[PDB]
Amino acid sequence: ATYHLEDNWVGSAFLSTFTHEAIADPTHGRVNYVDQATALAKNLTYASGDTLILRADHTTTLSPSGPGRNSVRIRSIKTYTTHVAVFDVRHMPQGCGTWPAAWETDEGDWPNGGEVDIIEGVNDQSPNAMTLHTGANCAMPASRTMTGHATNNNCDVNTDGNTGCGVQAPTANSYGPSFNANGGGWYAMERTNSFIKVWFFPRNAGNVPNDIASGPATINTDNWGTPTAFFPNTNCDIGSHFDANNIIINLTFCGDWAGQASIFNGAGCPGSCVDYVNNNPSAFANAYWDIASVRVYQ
(Lines of atoms letter the chains of each structure in order from A and count residues from 1; the text may use other names and numbers.)
(Lines give C-alpha, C1' and ligand atoms only; values in the text may rest on other atoms or scores of the structure.)
Protein backbone atom coordinates (compact mmCIF):
# COMPACT_ATOMS: atom_id res chain seq x y z
CA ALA A 1 0.00 0.00 0.00
CA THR A 2 0.88 3.70 -0.30
CA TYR A 3 1.71 5.57 2.89
CA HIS A 4 2.90 9.08 3.72
CA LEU A 5 5.36 10.42 6.25
CA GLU A 6 3.99 10.75 9.79
CA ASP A 7 7.23 11.17 11.81
CA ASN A 8 10.78 11.82 10.79
CA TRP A 9 13.22 11.27 13.63
CA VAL A 10 16.89 12.13 13.22
CA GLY A 11 19.48 13.10 15.84
CA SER A 12 18.19 15.54 18.45
CA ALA A 13 14.56 14.95 17.35
CA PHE A 14 14.53 11.80 19.49
CA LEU A 15 14.98 13.91 22.64
CA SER A 16 11.55 15.50 22.18
CA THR A 17 9.62 12.67 20.51
CA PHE A 18 10.69 9.77 22.78
CA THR A 19 11.09 9.42 26.51
CA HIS A 20 13.59 7.30 28.40
CA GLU A 21 11.90 4.66 30.54
CA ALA A 22 13.58 4.59 33.96
CA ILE A 23 11.97 1.31 34.94
CA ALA A 24 12.92 -1.96 36.57
CA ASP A 25 13.67 -4.20 33.61
CA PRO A 26 10.57 -6.30 32.79
CA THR A 27 13.00 -8.96 31.47
CA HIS A 28 14.99 -9.05 34.75
CA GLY A 29 18.34 -8.09 33.22
CA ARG A 30 21.52 -6.90 34.91
CA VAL A 31 20.65 -3.36 33.83
CA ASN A 32 19.95 0.04 35.33
CA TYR A 33 17.68 1.90 32.92
CA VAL A 34 18.29 5.61 33.40
CA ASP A 35 16.06 8.56 32.61
CA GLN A 36 16.72 11.04 29.84
CA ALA A 37 18.52 13.67 31.93
CA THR A 38 20.77 10.99 33.44
CA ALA A 39 21.45 9.38 30.06
CA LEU A 40 22.47 12.71 28.56
CA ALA A 41 24.67 13.67 31.52
CA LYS A 42 26.42 10.29 31.40
CA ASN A 43 26.68 10.31 27.57
CA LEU A 44 24.68 7.10 27.32
CA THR A 45 22.40 8.89 24.87
CA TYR A 46 23.98 11.20 22.31
CA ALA A 47 21.57 12.83 19.81
CA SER A 48 23.01 15.38 17.38
CA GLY A 49 23.51 15.95 13.63
CA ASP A 50 22.36 12.81 11.78
CA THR A 51 23.26 10.44 14.63
CA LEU A 52 21.54 8.92 17.63
CA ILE A 53 23.75 6.84 19.89
CA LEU A 54 22.21 4.72 22.66
CA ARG A 55 24.88 2.91 24.68
CA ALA A 56 25.82 0.94 27.77
CA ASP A 57 28.13 2.24 30.44
CA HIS A 58 31.56 0.96 29.42
CA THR A 59 33.65 2.46 32.24
CA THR A 60 32.19 1.42 35.62
CA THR A 61 33.04 -1.81 37.37
CA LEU A 62 29.80 -2.64 39.17
CA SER A 63 29.30 -3.36 42.83
CA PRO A 64 27.70 -6.82 42.82
CA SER A 65 25.35 -5.56 45.54
CA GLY A 66 24.43 -2.40 43.58
CA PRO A 67 22.34 -1.77 40.45
CA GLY A 68 22.99 -3.22 37.02
CA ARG A 69 24.93 -1.73 34.14
CA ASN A 70 23.58 1.66 33.10
CA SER A 71 21.72 1.58 29.79
CA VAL A 72 18.68 3.06 28.09
CA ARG A 73 15.20 2.06 26.91
CA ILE A 74 13.55 4.75 24.81
CA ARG A 75 9.89 4.79 23.91
CA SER A 76 8.03 6.90 21.33
CA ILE A 77 5.52 9.30 22.83
CA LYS A 78 3.14 8.59 19.94
CA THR A 79 1.40 5.29 19.37
CA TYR A 80 0.61 3.56 16.07
CA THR A 81 -1.83 1.06 14.57
CA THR A 82 -1.69 0.65 10.76
CA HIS A 83 1.68 2.10 9.79
CA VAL A 84 5.14 1.50 8.40
CA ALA A 85 8.26 2.06 10.55
CA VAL A 86 11.70 2.25 8.91
CA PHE A 87 14.93 2.03 10.93
CA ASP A 88 18.22 3.09 9.29
CA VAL A 89 20.72 1.48 11.65
CA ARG A 90 24.50 1.89 11.36
CA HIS A 91 25.38 -0.23 14.42
CA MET A 92 23.57 -2.34 17.02
CA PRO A 93 24.90 -3.39 20.40
CA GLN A 94 27.30 -6.29 20.56
CA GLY A 95 29.10 -8.18 23.31
CA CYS A 96 28.59 -11.15 25.60
CA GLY A 97 25.49 -10.60 27.71
CA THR A 98 23.88 -8.07 25.39
CA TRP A 99 20.18 -8.19 24.57
CA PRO A 100 19.28 -5.30 22.27
CA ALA A 101 15.85 -4.80 20.72
CA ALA A 102 13.86 -2.52 18.43
CA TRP A 103 10.19 -3.37 18.79
CA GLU A 104 6.63 -2.21 19.32
CA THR A 105 4.16 -2.98 22.07
CA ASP A 106 1.49 -1.67 24.38
CA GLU A 107 3.11 -2.06 27.80
CA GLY A 108 -0.11 -1.08 29.55
CA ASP A 109 -2.06 -4.20 28.57
CA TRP A 110 0.68 -6.68 27.59
CA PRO A 111 0.31 -9.16 25.92
CA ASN A 112 -3.25 -8.26 24.89
CA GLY A 113 -2.22 -5.21 22.85
CA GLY A 114 0.38 -7.27 21.02
CA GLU A 115 4.14 -7.06 20.61
CA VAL A 116 6.21 -7.14 17.42
CA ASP A 117 9.96 -7.57 17.75
CA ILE A 118 11.68 -6.14 14.69
CA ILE A 119 15.35 -6.37 15.73
CA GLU A 120 16.21 -8.75 18.56
CA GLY A 121 18.79 -11.26 19.71
CA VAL A 122 21.20 -12.16 22.47
CA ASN A 123 24.89 -12.73 23.07
CA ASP A 124 25.93 -11.88 19.50
CA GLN A 125 24.01 -14.87 18.14
CA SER A 126 23.01 -14.20 14.53
CA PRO A 127 20.58 -14.26 12.77
CA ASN A 128 18.01 -11.67 13.75
CA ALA A 129 14.67 -12.88 15.09
CA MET A 130 11.35 -11.18 14.23
CA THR A 131 8.54 -12.29 16.53
CA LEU A 132 4.97 -11.58 17.55
CA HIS A 133 3.71 -12.04 21.10
CA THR A 134 -0.06 -11.98 21.59
CA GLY A 135 -2.91 -13.30 23.68
CA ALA A 136 -5.03 -16.31 22.82
CA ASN A 137 -5.94 -17.59 19.37
CA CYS A 138 -3.17 -16.29 17.14
CA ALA A 139 -1.07 -18.72 15.10
CA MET A 140 0.81 -18.71 11.79
CA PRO A 141 0.61 -21.09 8.83
CA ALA A 142 3.45 -23.53 8.28
CA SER A 143 4.15 -22.09 4.82
CA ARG A 144 3.86 -18.46 3.76
CA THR A 145 5.77 -16.19 1.45
CA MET A 146 8.87 -14.74 3.14
CA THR A 147 12.64 -15.14 2.91
CA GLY A 148 13.13 -16.09 6.57
CA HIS A 149 12.55 -19.33 8.45
CA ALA A 150 9.71 -19.79 10.98
CA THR A 151 10.74 -21.22 14.39
CA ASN A 152 7.49 -21.30 16.40
CA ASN A 153 4.05 -20.74 14.85
CA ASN A 154 1.93 -20.13 17.95
CA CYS A 155 2.01 -16.43 18.91
CA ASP A 156 -0.05 -16.78 22.11
CA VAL A 157 2.33 -16.27 25.02
CA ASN A 158 -0.06 -18.16 27.35
CA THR A 159 0.30 -21.44 25.41
CA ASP A 160 3.81 -21.24 23.82
CA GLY A 161 5.94 -20.18 26.84
CA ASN A 162 6.42 -16.50 25.84
CA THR A 163 8.41 -17.61 22.94
CA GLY A 164 5.94 -15.85 20.62
CA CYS A 165 5.74 -16.83 16.94
CA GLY A 166 9.18 -16.18 15.48
CA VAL A 167 11.00 -15.99 12.17
CA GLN A 168 14.79 -16.13 11.75
CA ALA A 169 16.35 -13.87 9.10
CA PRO A 170 18.18 -15.80 6.35
CA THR A 171 21.54 -14.00 6.53
CA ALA A 172 24.20 -13.61 9.22
CA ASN A 173 24.54 -9.89 8.52
CA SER A 174 21.01 -9.34 9.84
CA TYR A 175 22.40 -9.26 13.37
CA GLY A 176 25.29 -8.83 15.74
CA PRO A 177 28.98 -8.49 14.94
CA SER A 178 28.22 -9.57 11.34
CA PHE A 179 25.69 -6.72 10.93
CA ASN A 180 28.08 -4.24 12.52
CA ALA A 181 31.04 -5.24 10.32
CA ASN A 182 28.81 -4.67 7.29
CA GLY A 183 27.74 -1.15 8.40
CA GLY A 184 24.29 -2.27 9.53
CA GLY A 185 21.31 -1.77 7.23
CA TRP A 186 17.61 -1.04 7.15
CA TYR A 187 14.74 -2.71 8.96
CA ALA A 188 11.20 -1.87 7.84
CA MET A 189 7.96 -3.11 9.38
CA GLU A 190 4.51 -2.76 7.81
CA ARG A 191 1.49 -3.42 10.01
CA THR A 192 -2.04 -3.53 8.64
CA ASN A 193 -5.25 -5.20 9.82
CA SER A 194 -4.34 -8.13 7.61
CA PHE A 195 -0.66 -8.79 8.32
CA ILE A 196 2.63 -7.75 9.79
CA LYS A 197 5.72 -7.81 7.55
CA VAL A 198 9.37 -7.12 8.33
CA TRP A 199 12.05 -6.54 5.70
CA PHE A 200 15.78 -6.48 6.34
CA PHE A 201 18.19 -4.98 3.77
CA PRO A 202 21.97 -5.04 4.37
CA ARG A 203 23.81 -1.71 4.12
CA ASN A 204 25.53 -2.88 0.94
CA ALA A 205 22.41 -4.38 -0.66
CA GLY A 206 22.19 -3.76 -4.40
CA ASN A 207 18.42 -4.26 -4.22
CA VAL A 208 17.29 -2.07 -1.29
CA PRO A 209 14.07 -0.21 -2.23
CA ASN A 210 14.70 3.51 -2.59
CA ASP A 211 11.64 4.10 -0.38
CA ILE A 212 13.47 2.40 2.48
CA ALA A 213 17.01 3.61 1.80
CA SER A 214 16.33 7.32 1.16
CA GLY A 215 13.20 7.98 3.20
CA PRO A 216 11.05 10.04 0.81
CA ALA A 217 7.80 11.31 2.26
CA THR A 218 5.69 8.97 0.04
CA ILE A 219 6.26 5.20 -0.05
CA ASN A 220 4.58 2.20 -1.63
CA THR A 221 5.28 -1.18 -0.04
CA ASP A 222 3.92 -2.99 -3.14
CA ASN A 223 7.37 -2.28 -4.58
CA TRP A 224 9.46 -3.75 -1.78
CA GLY A 225 9.70 -7.41 -2.79
CA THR A 226 9.16 -10.39 -0.53
CA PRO A 227 9.38 -9.68 3.21
CA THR A 228 11.96 -11.28 5.47
CA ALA A 229 9.23 -12.16 7.99
CA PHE A 230 5.52 -12.44 7.16
CA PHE A 231 2.75 -12.79 9.73
CA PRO A 232 -0.46 -13.18 7.70
CA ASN A 233 -3.96 -13.32 9.18
CA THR A 234 -4.67 -16.88 8.02
CA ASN A 235 -4.84 -18.13 11.62
CA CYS A 236 -4.71 -14.83 13.52
CA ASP A 237 -6.92 -11.77 13.49
CA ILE A 238 -4.02 -9.36 13.47
CA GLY A 239 -6.13 -6.26 14.12
CA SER A 240 -7.85 -7.84 17.16
CA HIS A 241 -4.52 -8.86 18.74
CA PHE A 242 -2.76 -5.52 18.36
CA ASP A 243 -3.85 -2.12 19.49
CA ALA A 244 -2.01 1.24 19.47
CA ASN A 245 1.67 0.48 20.13
CA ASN A 246 4.72 2.57 21.00
CA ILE A 247 8.09 2.06 19.35
CA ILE A 248 10.78 0.96 21.83
CA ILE A 249 14.55 0.76 21.33
CA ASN A 250 16.59 -0.65 24.21
CA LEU A 251 19.59 -2.53 25.45
CA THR A 252 19.40 -4.88 28.42
CA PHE A 253 21.97 -7.44 29.67
CA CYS A 254 21.50 -11.05 30.84
CA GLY A 255 17.93 -11.55 32.11
CA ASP A 256 15.31 -14.01 31.09
CA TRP A 257 16.77 -14.84 27.65
CA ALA A 258 20.42 -13.70 27.42
CA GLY A 259 21.31 -14.60 31.01
CA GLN A 260 20.33 -18.28 30.96
CA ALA A 261 23.53 -20.26 31.50
CA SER A 262 22.89 -22.67 28.63
CA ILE A 263 22.33 -19.73 26.27
CA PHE A 264 25.15 -17.48 27.56
CA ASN A 265 27.76 -20.24 27.84
CA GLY A 266 26.37 -21.85 24.67
CA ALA A 267 27.39 -18.68 22.84
CA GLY A 268 30.98 -19.11 24.08
CA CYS A 269 30.66 -16.47 26.79
CA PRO A 270 32.68 -17.17 29.99
CA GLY A 271 31.34 -17.70 33.51
CA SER A 272 28.05 -16.21 34.61
CA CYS A 273 26.39 -13.43 32.67
CA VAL A 274 25.92 -11.22 35.73
CA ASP A 275 29.54 -11.52 36.83
CA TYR A 276 30.69 -10.81 33.23
CA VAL A 277 28.51 -7.71 32.98
CA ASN A 278 29.65 -6.47 36.42
CA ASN A 279 33.36 -6.91 35.88
CA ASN A 280 34.12 -6.14 32.24
CA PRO A 281 33.11 -2.54 31.48
CA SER A 282 35.53 -2.26 28.55
CA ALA A 283 33.86 -5.26 26.89
CA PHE A 284 30.79 -3.02 26.42
CA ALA A 285 32.49 -0.26 24.42
CA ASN A 286 30.76 -1.72 21.34
CA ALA A 287 27.42 -2.17 23.08
CA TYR A 288 25.79 0.76 21.28
CA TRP A 289 23.08 1.56 18.80
CA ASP A 290 24.04 4.11 16.13
CA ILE A 291 20.83 5.08 14.36
CA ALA A 292 20.75 7.38 11.32
CA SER A 293 16.95 7.78 11.29
CA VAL A 294 13.64 6.26 12.27
CA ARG A 295 10.71 7.23 10.04
CA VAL A 296 7.07 6.35 10.47
CA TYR A 297 4.45 6.46 7.72
CA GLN A 298 0.65 6.21 7.88
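For every residue, the number given is its place in the sequence shown, counted from 1.
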Handout entry: 260-268 versus 27-35 - which carries the larger mean C-alpha B factor in the record
Key = 260-268
Handout entry: 271-279 versus 285-293 - which carries the larger mean C-alpha B factor in the record
Key = 271-279
Practice task
Would you mind checking which of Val86, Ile196, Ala150, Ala102 has the top Cα temperature factor in the PDB entry?
Solution key: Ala150
Practice task
Between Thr61, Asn70, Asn246, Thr252, let me know which has the highest C-alpha B-factor in the entry?
Solution key: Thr61
Handout entry: For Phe230, the third of its chain into which the C-alpha B factor falls
Key = lowest
Problem - Cα B factor band for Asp117 (lowest, middle or highest third within the chain) - result: lowest
Completion exercise
Of the three thirds of Cα B-factor ranks in this chain, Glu107 occupies the middle
Completion exercise
For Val157, the third of its chain by CA B-factor is the highest
Fill in the blank from the handout: Sorting the chain's modelled residues by C-alpha B-factor and splitting them into thirds places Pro141 in the highest
